[PDB]
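Okay, work22.cif is below, mmCIF, C-alpha atoms and all ligand atoms:
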data_run
#
loop_
_atom_site.label_atom_id
_atom_site.label_comp_id
_atom_site.auth_asym_id
_atom_site.auth_seq_id
_atom_site.Cartn_x
_atom_site.Cartn_y
_atom_site.Cartn_z
CA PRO A 643 12.11 -59.52 24.33
CA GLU A 644 14.68 -57.68 26.44
CA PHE A 645 17.64 -59.95 27.13
CA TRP A 646 20.16 -59.55 29.94
CA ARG A 647 23.63 -61.07 30.10
CA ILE A 648 24.93 -62.88 33.19
CA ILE A 649 28.64 -63.73 33.43
CA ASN A 650 29.94 -66.32 35.92
CA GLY A 651 33.69 -66.64 35.48
CA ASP A 652 37.09 -65.13 36.11
CA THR A 653 38.18 -62.03 34.21
CA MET A 654 41.64 -63.48 33.55
CA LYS A 655 40.21 -66.41 31.58
CA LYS A 656 39.74 -65.73 27.87
CA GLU A 657 36.48 -67.74 27.71
CA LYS A 658 33.39 -66.59 29.60
CA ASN A 659 30.01 -68.21 30.19
CA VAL A 660 27.14 -65.90 29.21
CA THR A 661 23.53 -66.56 30.25
CA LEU A 662 20.59 -64.82 28.56
CA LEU A 663 17.60 -63.77 30.68
CA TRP A 664 14.50 -61.93 29.47
CA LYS A 665 11.21 -60.85 31.04
CA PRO A 666 8.22 -62.70 29.53
CA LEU A 667 6.33 -60.68 26.94
CA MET A 668 3.08 -58.97 27.91
CA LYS A 669 -0.17 -59.08 25.93
CA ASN A 670 0.33 -55.70 24.24
CA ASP A 671 4.08 -55.98 23.60
CA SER A 672 3.79 -59.29 21.72
CA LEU A 673 0.47 -58.14 20.18
CA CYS A 674 -0.96 -61.12 22.15
CA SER A 675 0.66 -64.57 22.23
CA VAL A 676 3.99 -65.86 20.91
CA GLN A 677 4.11 -69.65 20.70
CA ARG A 678 7.88 -70.04 20.69
CA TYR A 679 11.08 -67.97 20.98
CA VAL A 680 14.25 -68.20 18.87
CA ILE A 681 17.78 -66.88 19.49
CA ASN A 682 20.23 -66.20 16.65
CA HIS A 683 23.99 -65.70 16.94
CA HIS A 684 26.22 -63.64 14.65
CA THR A 685 29.53 -65.28 13.69
CA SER A 686 32.55 -64.13 11.70
CA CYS A 687 31.82 -67.06 9.37
CA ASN A 688 28.45 -65.35 8.66
CA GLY A 689 26.52 -68.60 9.09
CA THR A 690 22.76 -68.07 8.95
CA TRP A 691 20.65 -70.47 11.03
CA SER A 692 18.23 -70.59 13.96
CA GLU A 693 18.39 -71.97 17.50
CA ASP A 694 15.24 -72.84 19.45
CA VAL A 695 15.36 -71.93 23.14
CA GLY A 696 11.88 -73.08 24.19
CA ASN A 697 9.67 -71.69 26.93
CA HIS A 698 12.64 -72.05 29.30
CA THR A 699 13.79 -68.68 30.65
CA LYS A 700 17.49 -69.66 30.74
CA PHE A 701 20.00 -70.08 27.92
CA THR A 702 23.76 -70.54 28.25
CA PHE A 703 26.63 -70.05 25.80
CA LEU A 704 30.44 -69.92 25.91
CA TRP A 705 32.01 -66.77 24.45
CA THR A 706 35.63 -67.05 23.25
CA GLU A 707 36.02 -65.13 19.98
CA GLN A 708 35.94 -61.40 19.28
CA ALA A 709 32.86 -60.44 17.25
CA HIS A 710 29.71 -62.01 18.69
CA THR A 711 26.18 -60.61 18.43
CA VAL A 712 22.92 -62.06 19.77
CA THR A 713 19.40 -61.36 18.50
CA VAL A 714 16.31 -62.84 20.15
CA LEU A 715 13.63 -63.16 17.45
CA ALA A 716 10.17 -63.91 18.82
CA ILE A 717 8.66 -65.95 15.98
CA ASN A 718 4.88 -66.11 16.00
CA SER A 719 2.55 -68.01 13.67
CA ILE A 720 2.39 -64.90 11.47
CA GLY A 721 6.17 -64.58 11.13
CA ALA A 722 9.06 -62.97 12.97
CA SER A 723 9.66 -59.69 14.78
CA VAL A 724 11.05 -56.76 12.81
CA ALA A 725 12.80 -54.79 15.59
CA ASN A 726 15.07 -56.38 18.19
CA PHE A 727 17.48 -55.29 20.92
CA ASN A 728 21.21 -55.61 20.39
CA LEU A 729 24.42 -56.18 22.34
CA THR A 730 28.12 -56.76 21.59
CA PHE A 731 30.99 -58.37 23.52
CA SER A 732 34.70 -57.64 23.11
CA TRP A 733 37.83 -57.13 25.25
CA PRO A 734 39.47 -53.74 24.52
CA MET A 735 36.49 -51.49 25.35
CA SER A 736 35.64 -53.45 28.52
CA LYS A 737 38.23 -51.47 30.52
CA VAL A 738 37.40 -47.88 29.53
CA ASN A 739 35.37 -46.14 32.25
CA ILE A 740 33.36 -42.99 31.53
CA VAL A 741 31.54 -42.82 34.87
CA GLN A 742 33.92 -41.86 37.67
CA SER A 743 31.52 -41.88 40.59
CA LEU A 744 28.04 -42.68 41.84
CA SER A 745 26.19 -42.72 45.16
CA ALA A 746 23.14 -44.59 46.49
CA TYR A 747 21.03 -43.65 49.53
CA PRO A 748 17.85 -45.15 51.05
CA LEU A 749 14.70 -43.03 51.31
CA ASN A 750 12.40 -45.71 52.78
CA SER A 751 11.25 -49.28 52.06
CA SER A 752 9.75 -48.20 48.69
CA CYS A 753 12.33 -46.00 46.96
CA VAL A 754 16.10 -45.57 46.70
CA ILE A 755 18.13 -42.58 45.53
CA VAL A 756 20.87 -43.15 42.94
CA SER A 757 23.05 -40.41 41.47
CA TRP A 758 26.13 -40.56 39.27
CA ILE A 759 28.78 -38.26 37.83
CA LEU A 760 30.53 -39.17 34.58
CA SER A 761 32.84 -37.46 32.09
CA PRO A 762 32.62 -36.77 28.34
CA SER A 763 33.89 -39.51 26.05
CA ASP A 764 34.78 -39.69 22.36
CA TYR A 765 32.28 -42.47 21.60
CA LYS A 766 28.56 -41.78 21.57
CA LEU A 767 26.64 -42.51 24.79
CA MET A 768 22.97 -43.47 24.61
CA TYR A 769 21.78 -45.52 27.60
CA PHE A 770 22.76 -47.27 30.84
CA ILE A 771 21.86 -50.38 32.83
CA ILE A 772 21.34 -50.29 36.60
CA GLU A 773 20.82 -53.48 38.57
CA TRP A 774 20.73 -54.62 42.18
CA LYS A 775 21.24 -57.91 44.01
CA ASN A 776 21.29 -59.35 47.52
CA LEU A 777 24.29 -60.86 49.30
CA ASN A 778 22.23 -62.61 52.00
CA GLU A 779 20.80 -64.98 49.38
CA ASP A 780 22.06 -65.65 45.85
CA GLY A 781 18.73 -64.95 44.19
CA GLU A 782 17.80 -63.77 40.72
CA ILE A 783 19.25 -60.56 39.29
CA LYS A 784 16.93 -57.54 39.04
CA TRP A 785 17.93 -55.01 36.38
CA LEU A 786 16.57 -51.96 34.59
CA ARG A 787 17.36 -50.05 31.40
CA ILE A 788 17.53 -46.25 31.70
CA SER A 789 18.45 -43.44 29.31
CA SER A 790 21.70 -41.48 29.55
CA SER A 791 20.02 -38.11 28.92
CA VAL A 792 18.63 -37.97 32.46
CA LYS A 793 21.22 -37.98 35.24
CA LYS A 794 18.76 -38.68 38.06
CA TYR A 795 16.35 -41.56 38.71
CA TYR A 796 14.67 -43.05 41.80
CA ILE A 797 14.55 -46.84 42.07
CA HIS A 798 11.03 -48.01 42.93
CA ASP A 799 11.44 -51.41 44.60
CA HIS A 800 11.16 -53.12 47.97
CA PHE A 801 14.26 -52.83 50.16
CA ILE A 802 14.95 -54.48 53.53
CA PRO A 803 16.97 -52.15 55.81
CA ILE A 804 18.60 -55.04 57.69
CA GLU A 805 19.84 -56.90 54.61
CA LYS A 806 22.93 -55.66 52.77
CA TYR A 807 22.53 -55.12 49.02
CA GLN A 808 24.82 -54.71 46.01
CA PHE A 809 24.20 -52.00 43.42
CA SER A 810 25.88 -51.75 40.01
CA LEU A 811 25.84 -49.64 36.84
CA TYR A 812 26.74 -51.05 33.41
CA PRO A 813 27.69 -48.70 30.54
CA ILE A 814 26.61 -49.54 27.00
CA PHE A 815 28.32 -48.52 23.77
CA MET A 816 28.16 -49.64 20.16
CA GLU A 817 31.54 -51.35 20.56
CA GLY A 818 30.32 -53.29 23.61
CA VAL A 819 30.06 -53.04 27.38
CA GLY A 820 32.63 -51.06 29.35
CA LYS A 821 33.99 -51.41 32.85
CA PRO A 822 31.19 -52.17 35.35
CA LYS A 823 30.94 -50.15 38.56
CA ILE A 824 29.70 -52.03 41.63
CA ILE A 825 28.93 -50.35 44.96
CA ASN A 826 28.70 -52.20 48.28
CA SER A 827 27.49 -49.65 50.87
CA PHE A 828 28.40 -46.33 52.47
CA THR A 829 32.13 -45.62 52.72
CA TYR B 747 20.29 -28.35 59.63
CA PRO B 748 18.35 -31.58 58.90
CA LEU B 749 17.84 -33.86 61.90
CA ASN B 750 17.04 -36.73 59.55
CA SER B 751 15.42 -37.35 56.16
CA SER B 752 12.05 -36.01 57.40
CA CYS B 753 12.81 -33.09 59.74
CA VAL B 754 14.79 -29.86 59.37
CA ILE B 755 15.48 -27.34 62.14
CA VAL B 756 16.36 -23.72 61.36
CA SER B 757 17.66 -21.05 63.73
CA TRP B 758 18.03 -17.28 63.56
CA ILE B 759 18.53 -14.21 65.75
CA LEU B 760 16.97 -10.75 65.95
CA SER B 761 18.06 -7.35 67.26
CA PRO B 762 16.05 -4.37 68.53
CA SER B 763 14.97 -1.83 65.91
CA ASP B 764 12.70 1.20 65.66
CA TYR B 765 10.31 -0.76 63.43
CA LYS B 766 8.46 -3.76 64.85
CA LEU B 767 8.10 -7.15 63.15
CA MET B 768 5.02 -9.36 63.18
CA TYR B 769 5.49 -12.70 61.38
CA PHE B 770 7.98 -14.66 59.30
CA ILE B 771 7.73 -16.57 56.02
CA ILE B 772 10.00 -19.59 55.49
CA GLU B 773 10.82 -20.09 51.81
CA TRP B 774 13.03 -22.64 50.06
CA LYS B 775 14.01 -23.29 46.45
CA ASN B 776 16.10 -25.96 44.75
CA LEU B 777 19.18 -25.21 42.65
CA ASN B 778 19.52 -27.90 39.97
CA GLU B 779 15.78 -28.26 39.33
CA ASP B 780 13.28 -25.42 38.87
CA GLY B 781 10.59 -26.69 41.21
CA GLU B 782 7.63 -24.82 42.63
CA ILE B 783 8.36 -22.41 45.47
CA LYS B 784 7.07 -23.62 48.85
CA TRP B 785 6.39 -21.10 51.60
CA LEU B 786 5.32 -21.50 55.23
CA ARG B 787 3.97 -19.15 57.92
CA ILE B 788 5.47 -18.78 61.40
CA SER B 789 5.00 -16.33 64.27
CA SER B 790 7.83 -14.54 66.05
CA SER B 791 6.90 -15.89 69.50
CA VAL B 792 8.71 -19.21 68.96
CA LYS B 793 12.33 -19.09 67.81
CA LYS B 794 12.46 -22.67 66.44
CA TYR B 795 10.69 -24.46 63.59
CA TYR B 796 10.58 -28.19 62.78
CA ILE B 797 9.94 -28.37 59.05
CA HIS B 798 8.45 -31.78 58.25
CA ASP B 799 8.26 -32.94 54.62
CA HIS B 800 9.98 -35.24 52.15
CA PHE B 801 13.63 -34.29 51.66
CA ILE B 802 16.56 -35.68 49.68
CA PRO B 803 19.76 -35.08 51.69
CA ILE B 804 22.21 -35.38 48.78
CA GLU B 805 21.41 -32.16 46.89
CA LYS B 806 21.93 -28.63 48.19
CA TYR B 807 18.82 -26.61 49.07
CA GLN B 808 18.51 -22.82 49.23
CA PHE B 809 16.68 -21.35 52.23
CA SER B 810 15.33 -17.85 52.79
CA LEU B 811 13.75 -16.16 55.82
CA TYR B 812 11.94 -12.88 55.16
CA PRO B 813 10.76 -10.36 57.77
CA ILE B 814 7.54 -8.33 57.99
CA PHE B 815 6.99 -4.87 59.53
CA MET B 816 4.35 -2.14 59.31
CA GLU B 817 5.56 -1.10 55.84
CA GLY B 818 5.65 -4.67 54.51
CA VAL B 819 8.52 -6.82 53.25
CA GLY B 820 12.08 -5.99 54.30
CA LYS B 821 15.49 -6.93 53.00
CA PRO B 822 15.51 -10.53 51.70
CA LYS B 823 17.82 -12.95 53.49
CA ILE B 824 19.38 -15.79 51.50
CA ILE B 825 20.76 -19.11 52.78
CA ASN B 826 22.55 -21.00 50.01
CA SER B 827 24.51 -23.84 51.65
CA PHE B 828 23.60 -26.24 54.43
CA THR B 829 25.15 -25.64 57.85
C1 LIG C 901 22.13 -53.47 16.71
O1 LIG C 901 20.70 -53.25 16.69
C2 LIG C 901 20.34 -51.86 16.62
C3 LIG C 901 18.84 -51.79 16.73
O2 LIG C 901 18.25 -53.08 16.66
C4 LIG C 901 20.88 -51.25 15.33
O3 LIG C 901 20.58 -49.86 15.31
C5 LIG C 901 22.39 -51.46 15.24
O4 LIG C 901 22.87 -51.01 13.97
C6 LIG C 901 22.74 -52.94 15.42
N1 LIG C 901 24.18 -53.13 15.40
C7 LIG C 901 24.78 -54.06 14.65
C8 LIG C 901 26.27 -54.13 14.75
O5 LIG C 901 24.14 -54.82 13.92
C1 LIG C 902 8.28 -43.98 50.55
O1 LIG C 902 8.57 -42.74 49.90
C2 LIG C 902 7.87 -42.58 48.66
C3 LIG C 902 8.33 -41.28 48.06
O2 LIG C 902 9.73 -41.29 47.81
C4 LIG C 902 6.35 -42.63 48.89
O3 LIG C 902 5.72 -42.62 47.61
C5 LIG C 902 5.95 -43.88 49.65
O4 LIG C 902 4.58 -43.81 50.02
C6 LIG C 902 6.79 -44.03 50.91
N1 LIG C 902 6.47 -45.27 51.60
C7 LIG C 902 5.46 -45.37 52.48
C8 LIG C 902 5.25 -46.73 53.09
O5 LIG C 902 4.76 -44.41 52.78
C1 LIG C 903 13.20 -37.44 62.30
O1 LIG C 903 13.01 -36.65 63.48
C2 LIG C 903 11.64 -36.25 63.69
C3 LIG C 903 11.62 -35.39 64.92
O2 LIG C 903 11.80 -36.18 66.10
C4 LIG C 903 10.75 -37.48 63.83
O3 LIG C 903 9.39 -37.04 63.86
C5 LIG C 903 10.92 -38.46 62.68
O4 LIG C 903 10.24 -39.68 62.97
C6 LIG C 903 12.40 -38.76 62.42
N1 LIG C 903 12.54 -39.54 61.20
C7 LIG C 903 13.16 -40.73 61.12
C8 LIG C 903 13.17 -41.38 59.77
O5 LIG C 903 13.70 -41.25 62.09
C1 LIG C 904 -3.93 -4.20 57.19
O1 LIG C 904 -4.99 -3.26 57.44
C2 LIG C 904 -5.15 -2.93 58.83
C3 LIG C 904 -6.36 -2.02 58.92
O2 LIG C 904 -6.54 -1.29 57.71
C4 LIG C 904 -3.88 -2.28 59.36
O3 LIG C 904 -4.03 -2.02 60.75
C5 LIG C 904 -2.69 -3.21 59.13
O4 LIG C 904 -1.49 -2.56 59.52
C6 LIG C 904 -2.60 -3.61 57.66
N1 LIG C 904 -1.51 -4.55 57.46
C7 LIG C 904 -0.28 -4.17 57.08
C8 LIG C 904 0.72 -5.28 56.91
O5 LIG C 904 0.00 -3.00 56.87
#
Please lay out the structure from this file as C-alpha cells.
Ligand SMILES: *[C@@H]1O[C@H](CO)[C@@H](O)[C@H](O)[C@H]1NC(C)=O
Ligand SMILES: *[C@@H]1O[C@H](CO)[C@@H](O)[C@H](O)[C@H]1NC(C)=O
Ligand SMILES: *[C@@H]1O[C@H](CO)[C@@H](O)[C@H](O)[C@H]1NC(C)=O
Ligand SMILES: *[C@@H]1O[C@H](CO)[C@@H](O)[C@H](O)[C@H]1NC(C)=O
Amino acid sequence: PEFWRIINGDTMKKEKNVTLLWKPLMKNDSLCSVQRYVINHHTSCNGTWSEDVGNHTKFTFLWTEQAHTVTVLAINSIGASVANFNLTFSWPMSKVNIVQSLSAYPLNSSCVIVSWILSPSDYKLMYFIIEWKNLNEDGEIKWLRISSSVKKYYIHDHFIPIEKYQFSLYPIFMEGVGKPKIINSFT
Amino acid sequence: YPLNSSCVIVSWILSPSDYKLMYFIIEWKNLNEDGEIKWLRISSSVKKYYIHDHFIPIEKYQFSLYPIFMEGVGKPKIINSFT
C-alpha cells in the first residue's frame, strides 16, 4: 500500500490526530488478492505487535510523542510483504522550508501546470507530494507522489473552471515532513 | 505577443532594398528544454500571422523570423524575450 497522512487539528496543540488513507491494491501490485491488511507502529519502548485495520479504508491515531513510525504490512495467506513505504513525524524539522515558491496555472479541463523553485539544503532530498482539494465541498483528498529530480510535471485530472481549488506541496525528508506550502489562487 | 493560451500574434516591419524578398519562415525554439524545431511558411503579402498551437505561457520562448531573397537566406533575426 501507499498510505497518506491527514491531520485535523491546531498547530499550537502538542497532540495531533493523524488519519491513514491508502489506495486499494491492484491485481498486479498485490500479485493478486490480499485477504486482510495490518498496520504496525514503531514506539520508543520497541514493543513488537500487530494491529488489524480491516477492509475499512480509514484508520485514526493520536500522535503525541517524538519518534513514531508507521508501516502498513499487507499480510496475505502466503505471508507478509517485504518492502513497505515509510514516514516519520517530529516537530523541529516541520518548520524548515526548502521550497521558496511555486505557481499553478490552468491549461484546460484536463491538465494543470505546476512549477516550483526551491533552494539547496543540507539534508538529502528525494521526493515530493503534491495534492489538491476543493473548497466548495469538503470531499476526499487527492494526492500524488512525484520525484524531486524533475522540476516540472503536468497534473492530469478533471478541473472545473468555476469552482475554486486549493493546491499544496509537501516536502519529505528522512527526519520527517517539513513546512507545507498551500496555494489558493492567482495573486 | 500571445492573445491567449492558444493564439500568438507577431509583428514586424520592412524597408526598401535593392534585393527583393519572397517569403518568410517563422521559427521558434525553447530555452530550458531542447525540443524539436518547429517552422512555418508565410508569404509577404500579409503582415500579420495568428500562430495557433498549444502553448505554456509561463516559460520564455525564443522566436526567429528569417528572410528570403534571390540569393537565399539572409541575416538571421533573433527574438529572445516576450514583448
Ligand atoms: C524507512 O523505510 C525505507 C524503505 O522502506 C528505508 O530505506 C528506511 O531506512 C526506513 N527508515 C527507518 C527509520 O526505518
Ligand atoms: C487539454 O489539453 C491536453 C494537453 O495539455 C490535451 O491532451 C487534451 O486533449 C485537452 N483537452 C481537450 C478536451 O481537448
Ligand atoms: C484565443 O484567441 C483565438 C483568436 O480569436 C481564438 O481562436 C481562441 O478560441 C482563443 N482561446 C481561448 C482559450 O479563448
Ligand atoms: C529555383 O529555380 C528557378 C529556376 O531554375 C529560379 O528561377 C529560382 O530563382 C530558384 N529559386 C531560388 C530561391 O533561387
My list of candidates is B:810, B:761, B:752, B:826. Which is closest to residue 798 of chain B when distances are computed with only C-alpha atoms?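 Of all the options, B:752 lies closest to residue 798 of chain B.
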Quick one: axis-aligned box around all listed atoms of ligand LIG 904 (chain C), 8 Å on every side, centre and edge lengths in Å to one decimal, written as JSON.
{"center_x": -2.9, "center_y": -3.3, "center_z": 58.8, "size_x": 23.3, "size_y": 20.0, "size_z": 19.9}
Near chain A, meaning an atom within 9 Å, which residues of chain B appear when counting only C-alpha atoms? Write them as a PyMOL selection string. chain B and resi 751+801-804
Using only C-alpha atoms and all ligand atoms, what are the residues with an atom within 12 Å of ligand LIG 901 (chain C), set out as number ranges by chain? A: 643-644, 683-685, 709-715, 723-731, 768, 814-818
If I take atom CA of residue 662 of chain A and atom CA of residue 695 of chain A, how far is one from the other in Å, to one decimal? 10.4 Å
Exercise answer, 10 Å around ligand LIG 904 (chain C) with all atoms listed in the file, as a ChimeraX atom specification: /B:767-769,814-819
Serialized selection, C-alpha atoms, as a compact mmCIF listing (two decimals), in the frame of the given file:
# COMPACT_ATOMS: atom_id res chain seq x y z
CA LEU B 767 8.10 -7.15 63.15
CA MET B 768 5.02 -9.36 63.18
CA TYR B 769 5.49 -12.70 61.38
CA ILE B 814 7.54 -8.33 57.99
CA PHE B 815 6.99 -4.87 59.53
CA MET B 816 4.35 -2.14 59.31
CA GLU B 817 5.56 -1.10 55.84
CA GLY B 818 5.65 -4.67 54.51
CA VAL B 819 8.52 -6.82 53.25
In Å, with one decimal, what is the gap from atom CA of residue 657 of chain A to atom CA of residue 696 of chain A?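 Calculated distance between atom CA of residue 657 of chain A and atom CA of residue 696 of chain A is 25.4 Å.
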Name all residues at most 7 Å from residue 706 of chain A (count all atoms listed in the file; drop same-chain ones fewer than 2 positions away) and give them as a list in words.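 Contacts, in chain order: residues 656, 657, 658, 704 and 708 of chain A.
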What residues have any atom no more than 8 Å from ligand LIG 902 (chain C) when counting all atoms listed in the file, and can you list them as a VMD selection string? (chain A and resid 749 to 754 796) or (chain B and resid 800)
By how many Å are atom CA of residue 737 of chain A and atom CA of residue 809 of chain A apart?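 Distance reported for this atom pair: 19.1 Å.
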